[PDB]
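191 is the number that full-length UniProt numbering gives to position 188 of the sequence shown; each next residue is one higher, with no gaps. Ideal Cβ placement from N, Cα and C applies to all residues, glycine included. Here's the structure we're looking at; comments come further down.
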Amino acid sequence: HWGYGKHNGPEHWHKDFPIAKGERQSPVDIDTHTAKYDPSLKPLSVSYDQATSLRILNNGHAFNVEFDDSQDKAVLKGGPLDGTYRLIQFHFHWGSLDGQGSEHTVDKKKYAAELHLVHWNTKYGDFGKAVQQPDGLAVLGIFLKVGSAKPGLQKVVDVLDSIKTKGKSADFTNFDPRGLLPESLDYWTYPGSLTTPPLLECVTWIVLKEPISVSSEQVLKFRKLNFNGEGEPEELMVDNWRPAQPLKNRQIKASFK
Ligand SMILES: CC(=O)OC[C@H]1O[C@H](S(=O)(=O)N2CCC(OS(N)(=O)=O)CC2)[C@H](O)[C@H](O)[C@H]1O
Ligand SMILES: [Zn+2]
């Protein structure tokens, strides 16, 4: 099925998933000069102190850090949202080179990686139902640039050799995702989609203005992961990003001047 290679990558996805050419696909380029400041946009409310991480999984396209979402433990509200959204997992997209890796771009500029914290709207009861709704998900996107290390990321980096290949998982309890956040919660927001198949148009994107910096060693270790399963020929997990998609009718709003 689908992947990030020349024969199964983003240019191929529309054959299995026609919505790939839809009207609200993600990611997009964020043209900062055309995004309009909205003084009515509320501050984001990120309540992560009761977050309960469980497990980290190599699913063959990225690694997911999963949380207990059976209860309102770690939630996203406010900002452009009018509901409560539970954190279910986070993951990254990254490049083979420091100059590429992010899915969203800012004035056509690419970051080395992008963090997605994935939340679903509790009025729909579970994640499976939520992705079938236009307002089912809220994804907090955070850019990574290469520079100084991010201490709050190191526990993630540390465990990656225990989940080198597709289908491997490891215990990952007591991880605090607050350690992955930049100082500012200033953001851009627009309506979009999952950036991987099935590419459902169910996401309110909230992309933070301020990137976090990670060390070259930290992203280096991301790139030692494998797309393949154990015992299969090694394919390095790199360049697992979808490129920017046409903005079409949409307007990106900024929480800040
Ligand atoms: C339809 C549905 O129930 O979930 C959508 C898909 O995605 C999640 S995921 O936990 O791996 N993950 C969720 C959303 C992530 O999208 S992201 N890149 O835009 O915000 C990527 C994959 C799972 O992989 C599911 O197997 C897969 O079906
Ligand atoms: Zn993602």
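In the structure shown, residue 200 falls within a coil segment according to DSSP collapsed to helix, strand and coil. Remark: the shortest separation between the CB of residue 239 and any heavy atom of ligand 1 does not fall under 6 Å.
Here DSSP, grouped into helix, strand and coil, assigns residue 36 to coil. Using a Cβ-Cβ distance cut-off of 8 Å, the region 245–254 and the region 165–185 are not in contact, since fewer than three pairs of beta carbons, one from each stretch, lie closer than that value.
Rounded to whole angstroms, the separation of the alpha carbons of residue 254 and residue 21 is 23 Å. In this structure, the beta-carbon distance from residue 89 to residue 55 does not fall below 7 Å. Excluding the 5 residues flanking it on each side, residue 109 has same chain C-beta neighbours closer than 6 Å at 33, in chain order. In terms of Cα proximity to residue 260, the closest of 191, 65, 222 and 205 is 191. Selection 38, 64, 59 and 49 evaluated against residue 242 yields 64 as nearest (Cα-Cα).
Nearest Cα to residue 235 within the set 168, 146 and 136: 168.
Per DSSP, the beta-bridge partners of residue 190 are 211.
For the options 59, 188, 219 and 237, the alpha carbon positioned closest to that of residue 97 is the one of 219. Within the region 32–112, the complete beta strand (DSSP E) runs of at least 3 residues fall at 47–50, 56–61, 66–70, 78–81 and 88–97. The DSSP-derived three-state label of residue 164 is helix.
Bridge pairing for residue 174: 58 [DSSP].
For ligand 2, residues qualifying as neighbours are 94, 96, 119 and 198, where qualification means a beta carbon closer than 6 Å to at least one of its heavy atoms (chain order). No heavy atom of ligand 1 is found nearer than 6 Å to the CB of residue 28. Per DSSP, residue 133 is one residue of the alpha helix (DSSP H) stretching across 130–133. Checking the 6 Å criterion, the Cβ of residue 194 is out of range of every heavy atom belonging to ligand 1. Note on geometry: alpha-carbon atoms of residue 44 and residue 231 lie some 43 Å from one another.
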